[PDB]
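Colleague: Here you go, one structure.
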Amino acid sequence: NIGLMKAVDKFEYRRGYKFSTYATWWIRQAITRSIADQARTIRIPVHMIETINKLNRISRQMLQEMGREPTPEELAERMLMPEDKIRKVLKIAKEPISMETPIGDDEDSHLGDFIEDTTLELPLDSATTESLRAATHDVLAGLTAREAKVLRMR
Amino acid sequence: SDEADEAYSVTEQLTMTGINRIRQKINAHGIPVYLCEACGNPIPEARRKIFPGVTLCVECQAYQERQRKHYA
Amino acid sequence: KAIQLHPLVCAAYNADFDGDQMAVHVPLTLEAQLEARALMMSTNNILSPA
Amino acid sequence: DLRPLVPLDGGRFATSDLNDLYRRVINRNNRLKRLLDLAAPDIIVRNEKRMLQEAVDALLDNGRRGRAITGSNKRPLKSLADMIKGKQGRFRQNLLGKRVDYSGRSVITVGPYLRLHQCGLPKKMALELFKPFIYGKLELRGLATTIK
Amino acid sequence: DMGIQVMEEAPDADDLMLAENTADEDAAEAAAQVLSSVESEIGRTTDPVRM
Amino acid sequence: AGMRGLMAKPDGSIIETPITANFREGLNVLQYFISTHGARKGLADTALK
Amino acid sequence: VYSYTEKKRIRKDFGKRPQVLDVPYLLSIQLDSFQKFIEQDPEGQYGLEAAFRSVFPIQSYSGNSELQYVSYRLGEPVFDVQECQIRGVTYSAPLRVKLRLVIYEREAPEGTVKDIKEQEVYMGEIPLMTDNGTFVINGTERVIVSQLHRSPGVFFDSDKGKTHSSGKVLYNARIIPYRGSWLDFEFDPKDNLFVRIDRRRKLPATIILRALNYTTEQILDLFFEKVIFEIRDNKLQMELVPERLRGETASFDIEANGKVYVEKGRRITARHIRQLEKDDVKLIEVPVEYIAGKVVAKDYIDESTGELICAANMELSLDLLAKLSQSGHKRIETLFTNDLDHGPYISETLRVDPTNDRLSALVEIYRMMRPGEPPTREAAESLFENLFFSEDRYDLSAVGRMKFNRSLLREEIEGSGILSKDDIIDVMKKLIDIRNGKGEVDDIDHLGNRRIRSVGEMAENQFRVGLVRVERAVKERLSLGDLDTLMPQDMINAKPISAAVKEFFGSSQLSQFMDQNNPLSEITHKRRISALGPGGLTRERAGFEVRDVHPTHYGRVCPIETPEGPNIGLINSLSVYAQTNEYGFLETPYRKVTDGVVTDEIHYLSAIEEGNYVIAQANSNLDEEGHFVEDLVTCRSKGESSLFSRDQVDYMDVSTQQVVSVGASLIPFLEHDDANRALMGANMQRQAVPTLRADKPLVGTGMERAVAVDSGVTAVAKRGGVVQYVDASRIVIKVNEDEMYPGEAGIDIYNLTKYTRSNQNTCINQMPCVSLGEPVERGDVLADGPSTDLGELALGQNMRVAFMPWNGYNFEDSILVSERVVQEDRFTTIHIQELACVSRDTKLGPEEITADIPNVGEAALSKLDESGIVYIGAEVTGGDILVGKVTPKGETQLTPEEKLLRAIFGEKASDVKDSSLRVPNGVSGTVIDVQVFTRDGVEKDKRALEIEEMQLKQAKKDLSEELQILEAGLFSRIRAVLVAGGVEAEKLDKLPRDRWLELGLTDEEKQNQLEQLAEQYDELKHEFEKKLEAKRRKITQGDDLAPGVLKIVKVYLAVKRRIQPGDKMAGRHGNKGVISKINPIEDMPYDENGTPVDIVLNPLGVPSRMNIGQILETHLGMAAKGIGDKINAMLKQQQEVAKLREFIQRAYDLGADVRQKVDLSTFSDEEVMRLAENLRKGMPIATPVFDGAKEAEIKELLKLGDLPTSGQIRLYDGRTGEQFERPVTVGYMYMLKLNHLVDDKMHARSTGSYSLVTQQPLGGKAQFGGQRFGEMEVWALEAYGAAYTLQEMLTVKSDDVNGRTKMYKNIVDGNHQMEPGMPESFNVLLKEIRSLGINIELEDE
Ligand SMILES: [Mg+2]
Ligand SMILES: [Zn+2]
């Protein structure tokens, strides 16, 4: 709809066009821009989507030319990329998994219920920290006032 | 207990209730009838001897069992 | 590595020993220890609640 | 952080679904604002407002609307009226049935040599259940100056 | 959402979740009303692509 | 020791061919098989219970 | 007449009945199905050819851009089986199709083809089947189970009881086609007959008949007989057939013959009709009173006015009698109705039937199919022509037509593809004849409605779906169809179809991990009939109707094998002798009985055919002629069984086993066990982990050898001969000259499969059972596998059991194993693990596998070599470092006084992070094998170079040992040629063998022969040079790893778990037990001779559970070891072979008739000595399942020993040394060891990891987190007064992410408080409930 509105706004009969096939281009271009920009969950840019669909076209061509399937070392010569951008591209261009995916191998579970937390500090660590505070405090008390003050401040 | 022993008790219940249902159906007690309770025909005394207290003939009995096969 | 349970209590748990798995918790605090001794100890529940 | 986008190993991310639904609703809101700036014909703005209505109604309950909007799976994507409900919502599944530190389990066994007020128990389950108690006692009897 | 809580395929159903029911008063009178109104007046459109 | 009754098929209707044998003796093929009906009904109920 | 490879030990075999049809190849379902799936098949039937033919040829959008088919080929795999388990590929095979894109010209109806571009185009990889019906999807050997769904056809279901609540039942009839629209029939409570097309609204069932060009007269004369009424000079005479008026009240006196044959009022008895048949009546006149309610069928209108007198299917009255009377109507045709037999169904449905002729009915059907569509002549006509009657939208598959014709008792096996007039008519007549009384419904279980898919058929269907979704794209690309530019492959995309087939073989409720822990378990998993999965009925929709056993499972599904628990009966096991029908049904064998002879010709009967015979039963005595020894013998006819005459039986059962499966036929004495206890017995015998020194069954059931061989574990000799080179790793048979092919003779070589992980982490091993210089008949077992002894399946080991309580260390169901069992390592079983340690590619940097690690001294890194992979042979324990690895970790970001520490000591906290793979706590094994993988962009490290070197030297040595044999065979052919025309025998070998090619010879055809053979030799040289080259290039080239990984390093630990309290042992009869005290030898009991009984079970477990089988087994095993010990003494006091001959020959003859007689006067002395040595452990006795050892035979086989015939011994206690009163039982029971080991179930978590969205304990390793302290436990803790325990049960210990660490600090400080706070889950609940439009708050006061 948006694209057709832009097409209407940028039409003239003074080149003898047929408005149907004229606006077909604008519609397809606007929908392509949208399907690129706001489709992937984590948004990848336009040139990146063009590279990804190039890789998919060449993957299909090779996967019935070479018979079995192509390797990145072969894509980096059908495509002419630096042999490492292909690794990064085919790393990036995949969707995310739905964290409510049913990992039905249990009573009734979900993949979300199995992703542990990494940043939490162990209670062992927290107890050690508090013990070390106490120890170093008594140590620094085992100095003079000027000593302890300078050694706290620096 | 075990997952077999529970099943044993349930199967014993099932067969017991079945057998008691089919012992209850047989009459073996009552007063002689001398004639059908549906059509009025006579019940021959041999059949009455086989089942003391047969309220029906063999014809009406078969007919009633046969309607009851369709469970209505 | 087997939790050697008592025998008499198995009727209460309804637990033969065909591989059944009991779980042990632990009472952390001090009120919870006095409750796991004065209310939930094994020799204070021998009369069935029903 | 109640609808994370965790980095799984391999670049693959394993996000919740509310990110998807909010992404849809934010898209449709922005698109409606963009339509209003142009002042499109009323069929356009009407269909857009209906789309936003369905988007929000799928955000809240994803049901009562007639047909859920399933994600890239074929499985209908859960929503805010659905992270509270059910035998897996927070009420029944994480406000009553919660995992519990300081627990364990094993195969039970016979053990007739016991008075009835003492269950047997392995040395190893004991030394794994009572690590904090052990640590306290060991820093008490000076068998280890520090907890490490 | 009405009194009926099936919607079924199979008739029954035994001791497995047996003799279930929820009263749900004040929902039946509105649901049956919605039925009698949807039938009598006209057939309403559903979804928005079809709109 | 004695004979073992009349296996009841899972319909609820009791079969009329009793098991004139017992466990100290054998059970030929028909008799064991007829036992299978009630045995599996007991299982299929103490699985739902 | 035994082979030299069975004389190793010869099982004493009871069991009378002379078998006739030896066990089939146990895996015929799997292999046969997948062979029919993938094979070039010049006929449209089952196979991929069926798939391609149906989708193809195909055509463009009407403009002749056509795309036809030629043929297909299955290219060889790139990776064989073993490399494809080692690496992790799917053992696939490239698919290849010869499509053809042909295009006719614009303005060309059928003119000559203008373009035909041919080419072979790839699509998918259909994963090939291993030898044993086990696919290899991703390294893990997987097994597709046969499904079990409704045969598309006719059914007459009942739906009895519940609906309508008045106890009345209904009779729906469904005509389900393979593809197309259903067609249901059914009665209402009101008895009107109601038709319905696909599950849409009901209709008056006569509407379809009117739409079939039937009007009312011929409807009534289809669904009714006739009773005439006449007026012959007086008052409404009647025709009367004697059968019509049975058991009814009369509204008239039965007058005829000027006589009262019958008096009115009575219900017409049978003797009524007998006497009337002695009368020959054709007529009895009755009053109008009985015609006053009839139903006149044919149409009556006036001969003078042509006016409508009485319509079709109206009930006359006397006025109506006269109305049709006075204008000449002598015949009155009236329906012969009744309440019992010939009920009013079609007449009354005509009452309901609003529409009259073909037009109205067609209009009604047309509007019922699609709402609001206006009715139209050709509209309705085409709609009703395409509902059920056109090739396009409706096709009863030939399976369907067979069921349909057969179920109506129609003679022809095959016929049309679609419905027709008499089809629907016979369905309705059969429904009516059901409800009248003469007929029966077909309940769901009956195996004439359970047609068995299997691997081939399901794979064909999924590849079918692939072809349809691809031909969408084909016709799409041919929308713009170009004539000479797009070859027949740019259109087609492999990843759709390949993705579909991979989705099936790896993502399904059928393609599931095989149980590889026990050969019995493998071969009772490949053979399975499942009702679940796609296309079948799930649990809740279905449902009890199919959890059950129906009287036609006899020989087609094991009655006593099905996994109890969640889904009983849904996982039936295919029976022993049973196969799959042609159309797909199950079919068992029977012996064709002639007039009175039991002829040997086995004769497979399906399930729909079994009732229509009268089958004998295999427990029938037959006297050396096929004559039944009596005049009556028990048989089963139609479910029911009952004594039948001698000359009535048409089939006798093959052999006594066929009712049971292979799982439950390896149980000795199955005839003495309740079906439940036998079910648990079979269901636990499938689980027994393969022990270390697998012994044998001291009592077995004959089938054990067939289940050992026909699985894949043992190594059956492909050809027989002498064993040239037995080694611990291989065997090198020299095939006899009887079987040695003329061209390049050579020999066989069997590379055994040593220690390798199985799917269940047990030790699938193979040992060699034949010693050097031995003969081997064809079809012999050369290499035992796991749990196979000399080719006989030993799951567990037999050990001296004794039934007596003994202090209650076996209280409920427990076992009490004595330390003599644990010393010998006779349950010391072995478990092998695959610990992985990947090396991923983080944005901060790549993880290295470096050995130099921070904060682990040389105390733990003593084991690691120079590259961070443990040595092959370390004895690592719980906690060591197997793969020292470090990941980059920037942003030190230290703290206060820790920083003062750093200053005081100068300790630099590196950016390096230890994340090495350390052994999971609790295991203590020997690292037996390390494998390394590497993306081909990383410089391989030092140890990976060692491993390439080692594997490459291995492959070189192997391929050299191969090429030697091969070129030796070629030498043999050249030599066999030289004997023709230039033979020079003993001066051709003295010189070097290579100096034969360069030998001259006459210029005949034979010299050109040497020419060709020299070419063959040199080509073999060059060719296996290059084949070694290809092996070296499979090794040396990199690997294709997951995206974002650099190098994975697998370390296989081999734990040796012994035995201990917890490890569930359990006999074969379903007597479970958790071993609960490993006693000293002293404390055990001991019979009066010294021998201490090992296991001490509980006698209180037998009388409560009718499984007296184990007690008979104990006595028989006791007697068998009696024979064994007598042989032991006779051999160890070593006597002479004559003594052993007389005694063993006594042990094998033994009394009652058998099918076993051995005749040891044929063995040589140096065989009977071998036989005795293999019997000294105990004489292995057999007992076929339902032909067991009758107790008198056991008492006599105990007398042959010297045990007490009672079976019981006085046991002296081992502590107090005083006789246990009342002699106890002893004997040898065969006891498995189920793999519910204790050190897999044990678990304890003090403070592990935590989840991410809800901060709950979530740890992994052995669910390394708390126990699910669910809801009912909370009701328990509320029931007590316990409130603080509950609070710290679900606030501190579990969720509140400040309360828990304050709790931990307080615990370490020795101050047991708990400052609880508020859970984290409720906090998330506030944030969610508030994310909606709902202000949730907390009042504060
Ligand atoms: Mg139990
Ligand atoms: Zn009567």
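Chain labels run A, B, ... following the order of the structure tokens; each chain numbers its residues from 1, and ligands are numbered from 1 in the order shown.
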Might you pull out every residue within 9 Å of range 26-35 of chain E, with only C-alpha atoms counted and same-chain residues fewer than 2 positions away left off, and present them as a PyMOL selection string?
Modeller: chain E and resi 1-3+24+37-40
Colleague: Could you list the residues in chain G lying within 10 Å of chain A, using only C-alpha atoms, and format the result as a PyMOL selection string?
Modeller: chain G and resi 78+93-96+120-125+489-490+492-495+895-898+900-901+936-937+1040+1042-1044+1247-1260+1297+1300-1306+1308-1309
Colleague: Counting only C-alpha atoms and all ligand atoms, which protein, DNA or RNA residues come within 7 Å of ligand 2, given as a PyMOL selection string?
Modeller: chain B and resi 35-43+56-60
Colleague: Any chance you can output those residues with N, CA and C atoms as a PDB file, in the first residue's frame?
Modeller:
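Output file part23.pdb follows:
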```
ATOM      1  N   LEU B  35     -47.112 -71.646  32.721  1.00  0.00           N
ATOM      2  CA  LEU B  35     -47.482 -71.037  31.450  1.00  0.00           C
ATOM      3  C   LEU B  35     -46.713 -69.736  31.291  1.00  0.00           C
ATOM      4  N   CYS B  36     -46.558 -69.313  30.037  1.00  0.00           N
ATOM      5  CA  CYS B  36     -45.783 -68.119  29.732  1.00  0.00           C
ATOM      6  C   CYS B  36     -46.344 -66.912  30.460  1.00  0.00           C
ATOM      7  N   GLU B  37     -45.470 -65.962  30.767  1.00  0.00           N
ATOM      8  CA  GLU B  37     -45.907 -64.702  31.344  1.00  0.00           C
ATOM      9  C   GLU B  37     -46.079 -63.625  30.285  1.00  0.00           C
ATOM     10  N   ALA B  38     -45.844 -63.960  29.021  1.00  0.00           N
ATOM     11  CA  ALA B  38     -46.036 -63.034  27.920  1.00  0.00           C
ATOM     12  C   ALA B  38     -47.177 -63.472  27.011  1.00  0.00           C
ATOM     13  N   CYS B  39     -47.106 -64.686  26.470  1.00  0.00           N
ATOM     14  CA  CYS B  39     -48.069 -65.147  25.484  1.00  0.00           C
ATOM     15  C   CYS B  39     -49.116 -66.095  26.046  1.00  0.00           C
ATOM     16  N   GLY B  40     -48.966 -66.552  27.282  1.00  0.00           N
ATOM     17  CA  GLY B  40     -49.918 -67.480  27.849  1.00  0.00           C
ATOM     18  C   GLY B  40     -49.695 -68.933  27.499  1.00  0.00           C
ATOM     19  N   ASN B  41     -48.761 -69.238  26.605  1.00  0.00           N
ATOM     20  CA  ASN B  41     -48.498 -70.614  26.243  1.00  0.00           C
ATOM     21  C   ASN B  41     -47.998 -71.399  27.450  1.00  0.00           C
ATOM     22  N   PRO B  42     -48.038 -72.727  27.377  1.00  0.00           N
ATOM     23  CA  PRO B  42     -47.533 -73.541  28.485  1.00  0.00           C
ATOM     24  C   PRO B  42     -46.025 -73.698  28.409  1.00  0.00           C
ATOM     25  N   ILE B  43     -45.381 -73.691  29.571  1.00  0.00           N
ATOM     26  CA  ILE B  43     -43.973 -74.021  29.689  1.00  0.00           C
ATOM     27  C   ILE B  43     -43.867 -75.533  29.946  1.00  0.00           C
ATOM     28  N   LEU B  56     -40.810 -67.333  31.604  1.00  0.00           N
ATOM     29  CA  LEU B  56     -41.097 -67.261  30.182  1.00  0.00           C
ATOM     30  C   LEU B  56     -41.077 -68.649  29.557  1.00  0.00           C
ATOM     31  N   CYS B  57     -41.533 -68.720  28.314  1.00  0.00           N
ATOM     32  CA  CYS B  57     -41.357 -69.921  27.514  1.00  0.00           C
ATOM     33  C   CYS B  57     -39.937 -69.899  26.966  1.00  0.00           C
ATOM     34  N   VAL B  58     -39.623 -70.771  26.010  1.00  0.00           N
ATOM     35  CA  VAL B  58     -38.352 -70.619  25.311  1.00  0.00           C
ATOM     36  C   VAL B  58     -38.493 -69.629  24.171  1.00  0.00           C
ATOM     37  N   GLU B  59     -39.678 -69.547  23.578  1.00  0.00           N
ATOM     38  CA  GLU B  59     -39.895 -68.650  22.452  1.00  0.00           C
ATOM     39  C   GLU B  59     -39.831 -67.202  22.904  1.00  0.00           C
ATOM     40  N   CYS B  60     -40.640 -66.850  23.902  1.00  0.00           N
ATOM     41  CA  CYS B  60     -40.640 -65.488  24.410  1.00  0.00           C
ATOM     42  C   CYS B  60     -39.300 -65.129  25.028  1.00  0.00           C
TER      43      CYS B  60
END
```
Colleague: Using only C-alpha atoms and all ligand atoms, which protein or nucleic acid residues are at most 7 Å from ligand 1, as a list in words?
Modeller: residues 1 and 2 of chain B; 15, 16, 17, 18, 19 and 20 of chain C
Colleague: With a distance cut-off of 7 Å and only C-alpha atoms, select the neighbouring residues of range 28-35 of chain C, excluding the residue or stretch itself and same-chain residues fewer than 2 positions from it, and output the selection as a list in words.
Modeller: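 Counting only the stated atoms, we get residues 26, 37, 38, 39 and 40 of chain C; 1282, 1284, 1285, 1312, 1313 and 1314 of chain G.
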Colleague: Now that the selection is made, can you save its residues with N, CA and C atoms as a short mmCIF file (atom, residue, chain, number, x, y, z; two decimals), in the first residue's frame?
Modeller:
```
data_model
loop_
_atom_site.label_atom_id
_atom_site.label_comp_id
_atom_site.auth_asym_id
_atom_site.auth_seq_id
_atom_site.Cartn_x
_atom_site.Cartn_y
_atom_site.Cartn_z
N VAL C 26 17.12 -31.11 53.17
CA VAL C 26 17.86 -30.77 54.37
C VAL C 26 17.24 -29.51 54.96
N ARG C 37 12.29 -32.10 63.82
CA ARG C 37 12.43 -33.00 64.95
C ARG C 37 11.18 -33.13 65.79
N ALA C 38 10.45 -32.05 66.03
CA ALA C 38 9.31 -32.09 66.93
C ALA C 38 7.99 -32.26 66.22
N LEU C 39 7.97 -32.27 64.90
CA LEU C 39 6.74 -32.43 64.16
C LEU C 39 6.81 -33.48 63.07
N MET C 40 7.98 -33.69 62.47
CA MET C 40 8.14 -34.56 61.32
C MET C 40 9.12 -35.68 61.58
N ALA G 1282 4.55 -27.61 59.91
CA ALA G 1282 5.81 -27.06 59.46
C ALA G 1282 5.60 -25.85 58.56
N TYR G 1284 8.16 -22.97 58.94
CA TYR G 1284 9.50 -22.48 58.63
C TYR G 1284 10.20 -23.39 57.65
N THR G 1285 10.04 -24.70 57.79
CA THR G 1285 10.66 -25.59 56.83
C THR G 1285 10.13 -25.33 55.44
N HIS G 1312 22.56 -20.41 62.03
CA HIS G 1312 21.45 -20.89 61.22
C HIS G 1312 20.25 -19.96 61.39
N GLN G 1313 20.25 -18.86 60.66
CA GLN G 1313 19.04 -18.07 60.48
C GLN G 1313 18.64 -18.12 59.03
N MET G 1314 17.64 -17.32 58.68
CA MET G 1314 17.26 -17.15 57.29
C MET G 1314 16.49 -15.85 57.17
#
```
Colleague: Show me, as a list in words, the residues of chain D whose atoms get within 7 Å of chain A, using only C-alpha atoms for the distance check.
Modeller: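 Per the criterion, chain D yields residues 11, 12, 13, 14, 15, 16, 17, 44 and 147 of chain D.
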Colleague: Could you turn the residues from that selection into a file that holds C-alpha atoms, as a CSV table (one decimal), in the first residue's frame?
Modeller:
```csv
chain,number,residue,atom,x,y,z
D,11,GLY,CA,26.1,-17.6,17.2
D,12,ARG,CA,22.6,-19.1,17.3
D,13,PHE,CA,20.5,-17.1,19.7
D,14,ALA,CA,17.6,-18.7,21.6
D,15,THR,CA,15.2,-15.9,22.3
D,16,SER,CA,11.8,-16.0,24.0
D,17,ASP,CA,8.7,-15.2,22.0
D,44,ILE,CA,-5.3,1.7,4.2
D,147,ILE,CA,37.2,-21.0,53.1
```
Colleague: Which residues of chain G come within 12 Å of chain E, and what is each one's closest atom pair and distance in Å (one decimal), counting only C-alpha atoms, sorted by chain and residue number, as CSV?
Modeller:
```
residue,atom,partner,partner_atom,distance
G:159,CA,E:11,CA,8.8
G:160,CA,E:11,CA,10.6
G:161,CA,E:11,CA,10.4
G:162,CA,E:11,CA,7.7
G:163,CA,E:11,CA,7.9
G:164,CA,E:11,CA,11.4
G:199,CA,E:9,CA,11.1
G:540,CA,E:10,CA,9.6
G:541,CA,E:10,CA,7.0
G:542,CA,E:10,CA,8.7
G:543,CA,E:13,CA,8.9
G:544,CA,E:13,CA,9.3
G:545,CA,E:10,CA,10.8
```
Colleague: Neighbouring residues of residue 18 in chain F were defined as those with any atom within 12 Å, considering only C-alpha atoms; residues of the same chain fewer than 3 positions away were excluded. Please report them as a ChimeraX atom specification.
Modeller: /B:15,19 /F:3-9,14-15,21-22,27,30-35 /G:640-642
Colleague: Which chain G residues have any atom within 9 Å of an atom of chain B, and for each, what is the nearest pair of atoms with distance in Å to one decimal, counting only C-alpha atoms, rows sorted by chain and number, as CSV?
Modeller:
```
residue,atom,partner,partner_atom,distance
G:160,CA,B:71,CA,8.0
G:161,CA,B:71,CA,7.7
G:166,CA,B:72,CA,6.9
G:167,CA,B:72,CA,4.9
G:168,CA,B:72,CA,3.8
G:169,CA,B:71,CA,6.3
G:170,CA,B:70,CA,8.4
G:247,CA,B:59,CA,7.1
G:249,CA,B:39,CA,8.4
G:265,CA,B:39,CA,8.0
G:266,CA,B:39,CA,6.0
G:267,CA,B:39,CA,5.9
G:269,CA,B:59,CA,7.0
G:270,CA,B:59,CA,8.1
G:339,CA,B:67,CA,8.7
G:340,CA,B:67,CA,6.6
G:435,CA,B:70,CA,7.4
G:436,CA,B:70,CA,8.7
G:437,CA,B:66,CA,7.4
G:564,CA,B:3,CA,8.5
G:565,CA,B:3,CA,8.6
G:676,CA,B:4,CA,6.0
G:677,CA,B:4,CA,6.7
G:680,CA,B:4,CA,8.1
G:812,CA,B:1,CA,8.8
G:1104,CA,B:5,CA,8.2
G:1105,CA,B:5,CA,7.2
```
Colleague: DSSP on the backbone, then: every residue of chain B marked helix (DSSP H, G or I), written as a ChimeraX atom specification.
Modeller: /B:5-25,45-50,58-69
Colleague: Determine, counting only C-alpha atoms, which protein, DNA and RNA residues have an atom within 9 Å of an atom of range 25-34 of chain B; residues of the same chain fewer than 4 positions away are not included. Present the result as a VMD selection string.
Modeller: chain B and resid 20 to 21 41 to 45 48 50 to 56
Colleague: Please provide as a list in words all residues within 10 Å of residue 12 in chain C, with the sequence filter that same-chain residues fewer than 5 positions apart are discarded (counting only C-alpha atoms).
Modeller: residues 7, 45, 46 and 48 of chain C
Colleague: Determine which residues of chain D sit within 7 Å of chain G, taking into account only C-alpha atoms, and present them as JSON, numbers by chain.
Modeller: {"D": [1, 2, 10, 60, 80, 90, 94, 95, 96, 97, 98, 99, 100, 101, 102, 103, 104, 105, 106, 107, 109, 110, 111, 112, 125, 128, 129, 131, 132, 133, 135, 136]}
Colleague: Go through chain E and flag each residue having an atom no more than 10 Å from chain D; for those, report the closest pair of atoms plus their distance in Å to one decimal, using only C-alpha atoms, ordered by chain and rising number, as JSON lines.
Modeller:
```
{"residue": "E:46", "atom": "CA", "partner": "D:66", "partner_atom": "CA", "distance": 7.8}
{"residue": "E:47", "atom": "CA", "partner": "D:66", "partner_atom": "CA", "distance": 7.5}
{"residue": "E:48", "atom": "CA", "partner": "D:50", "partner_atom": "CA", "distance": 6.5}
{"residue": "E:49", "atom": "CA", "partner": "D:47", "partner_atom": "CA", "distance": 8.3}
{"residue": "E:51", "atom": "CA", "partner": "D:47", "partner_atom": "CA", "distance": 8.0}
```
Colleague: List as CSV every residue of chain C that is in contact with chain D, defined as an atom at most 7 Å from one of its atoms (using only C-alpha atoms), together with the nearest atom pair and the distance in Å rounded to one decimal, sorted by chain and then rising number.
Modeller:
```
residue,atom,partner,partner_atom,distance
C:1,CA,D:122,CA,5.2
C:2,CA,D:107,CA,5.1
C:3,CA,D:108,CA,4.8
C:4,CA,D:120,CA,4.4
C:5,CA,D:119,CA,4.9
C:6,CA,D:111,CA,5.9
C:7,CA,D:110,CA,6.1
C:17,CA,D:109,CA,5.9
C:19,CA,D:107,CA,5.7
C:20,CA,D:107,CA,5.9
C:21,CA,D:107,CA,4.5
C:22,CA,D:105,CA,5.7
C:23,CA,D:105,CA,4.0
C:24,CA,D:104,CA,5.4
C:25,CA,D:103,CA,4.3
C:26,CA,D:102,CA,5.8
C:42,CA,D:117,CA,5.2
C:43,CA,D:117,CA,5.8
```
Colleague: Taking only C-alpha atoms into account, find every residue of chain G that has an atom no more than 9 Å from chain F, and write it out as a PyMOL selection string.
Modeller: chain G and resi 544+547-551+554+559-560+564-569+617-619+636+640-642+656-657+659+669-676+1106-1109+1112+1186-1188+1190-1191
